[PDB]
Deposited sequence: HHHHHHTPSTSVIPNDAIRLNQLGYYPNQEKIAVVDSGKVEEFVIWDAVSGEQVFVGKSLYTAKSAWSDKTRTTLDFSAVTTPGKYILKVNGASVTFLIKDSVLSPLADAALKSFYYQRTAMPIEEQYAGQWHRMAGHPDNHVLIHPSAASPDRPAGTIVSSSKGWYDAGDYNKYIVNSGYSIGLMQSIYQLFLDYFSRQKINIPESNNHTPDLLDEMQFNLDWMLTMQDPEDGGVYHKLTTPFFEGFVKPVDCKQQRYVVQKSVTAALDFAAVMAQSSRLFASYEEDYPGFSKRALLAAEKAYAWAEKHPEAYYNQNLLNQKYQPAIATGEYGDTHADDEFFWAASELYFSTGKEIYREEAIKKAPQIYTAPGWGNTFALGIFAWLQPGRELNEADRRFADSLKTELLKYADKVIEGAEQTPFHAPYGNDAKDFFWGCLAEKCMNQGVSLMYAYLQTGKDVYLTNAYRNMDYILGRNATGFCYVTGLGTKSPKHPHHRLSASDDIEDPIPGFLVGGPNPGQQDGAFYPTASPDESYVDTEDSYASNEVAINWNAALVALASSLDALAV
């Protein structure tokens, strides 16, 4: 049995955490934990549980040393093999910080200076000060070819385009967790240019993209362009070598609504930070109400790229972020606008569009973001509003109970990873992390430790306790992706990838092993702001809750 076969959280364990490793295959009967320094025997485990998934004949053996609670460095010996690990406070803090700092590396329109960036420094790229109104985006005062400035914001992912749906959703998710852990985020410092101001660094980072988002709203009708893009994806070149023309394209109802929701949300969160962000809270709220108004007038204005390409030139072939179901965006936006303005007219829209069931958050399914807003503590809800919130809590708990059913008997001892349908493009964020986030919220709503225990299990999975043995976050753990599908990492002249990115993961042989660490793997090794938003959400909340 190779050392390789011992699958565990490669960052380590909190002192009071469940502590489980899984041997991926082979006959095992016993394991031992040793103090790495003193050489003292600390724990011996026997009578070990084993299990198999439906699709793999490998015998997975569970090693449970949860009773070891003293901080320190330890050695796990199983048969021939061994691995060292740490038990320590704040074990996920470097992960939470790196996940947030990834957004800094994605920033456009500014130099990425070594002081903050380390070896992954670069010159400014994509100023986006000379951007064309695409014919699909034309308005009376802005005919096709009009030049606008639409600067700042993040690169979306492995490509260099900027998308309102995905970035609005991403901020919406991170700012949901922010609101639960104000002290945590106030104290967090991640060495970005804004680390010495008076504003929590998470909010500084969000604002870098929020400021860009404001420029994507037509100052007349209030509508919001779906994305800022080149016509084609660029090759794997540095930002300074990119030469395609940049366009803003067709206004969409989902762009308008995700803009409205996140701007209404942001209005509240930045109210205290007029010093560093003067006027933003007020501007965001005004902008939000205008965007929501536009969406009301154009409720079925979906972004269909194929149809756009039949009517307009140049053809656009970058990320679609298409959706013909806007009820959830209406729900999230109306909910945020209700909480920011108090107006009953927005409440009624939220109630009309309420979800019947809880589903985890995703870029095109924003029901959960609305639900999180309704479930927020400290907000003094009236009888009807409390009754509504209570009904949403019930649905969250129904979802959570179903997710955790049988989790302790799974091969990898987590709710995520024992169903073939768990594996697909971006699954580690979309399902594993966001299932974790959902479980963390269920803990917050009930105080039932079992939900939180299961959230940590899903985190252990992405950090190495899985079928491949990868810690699926660049720059962290023992065996992590060195070749992400990421134009920034691939085109710099630095061997190690930019750190802190969650790769998409296995995406179909065994479905949970359908992963390749190569730069051409869009299918399994892509990185993205919405995937990192999930990682920031789960890692930050699990670290904050550990104390």
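- Annotation: deposited residues 1-12, 521-530 are not represented by C-alpha coordinates in the model.
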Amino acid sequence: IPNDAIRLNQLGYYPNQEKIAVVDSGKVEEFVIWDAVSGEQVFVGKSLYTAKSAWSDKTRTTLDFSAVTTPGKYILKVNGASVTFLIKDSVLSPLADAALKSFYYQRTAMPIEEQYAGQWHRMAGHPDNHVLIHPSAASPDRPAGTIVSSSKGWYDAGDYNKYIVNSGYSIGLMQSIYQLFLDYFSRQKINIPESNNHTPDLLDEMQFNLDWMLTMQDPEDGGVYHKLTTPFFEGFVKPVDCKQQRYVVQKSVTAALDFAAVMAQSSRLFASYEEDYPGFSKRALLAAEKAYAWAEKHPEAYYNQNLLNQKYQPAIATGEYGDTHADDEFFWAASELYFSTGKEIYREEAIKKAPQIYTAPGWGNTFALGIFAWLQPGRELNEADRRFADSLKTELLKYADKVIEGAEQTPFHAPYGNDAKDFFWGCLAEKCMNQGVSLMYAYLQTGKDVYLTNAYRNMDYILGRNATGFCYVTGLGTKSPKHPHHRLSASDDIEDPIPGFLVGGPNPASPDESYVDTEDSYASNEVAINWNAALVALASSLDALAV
From here on, numbers count along this sequence of modelled residues.
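- Comparing 361-369 with 111-119, the higher mean C-alpha B-factor in the PDB entry belongs to 111-119.
- For the pair 477-485 and 54-62, the record assigns the higher mean C-alpha temperature factor to 54-62.
- Highest C-alpha temperature factor among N129, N466, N454, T199, as the PDB entry reports it: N129.
- Across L439, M174, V83, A256, the entry's maximum B-factor at the CA atom is seen for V83.
- When the modelled residues of the chain are ordered by their C-alpha B factor, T70 lands in the highest third.
- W34: CA B factor in the highest third of modelled residues in this chain (values from the PDB entry).
- In the PDB entry, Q313 places in the highest third of its chain by CA B-factor.
- The deposited CA B-factor of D517 belongs to the lowest third of values across its chain.
- Placement of the Cα temperature factor of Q217 within the chain: middle third of the modelled residues, per the deposited record.
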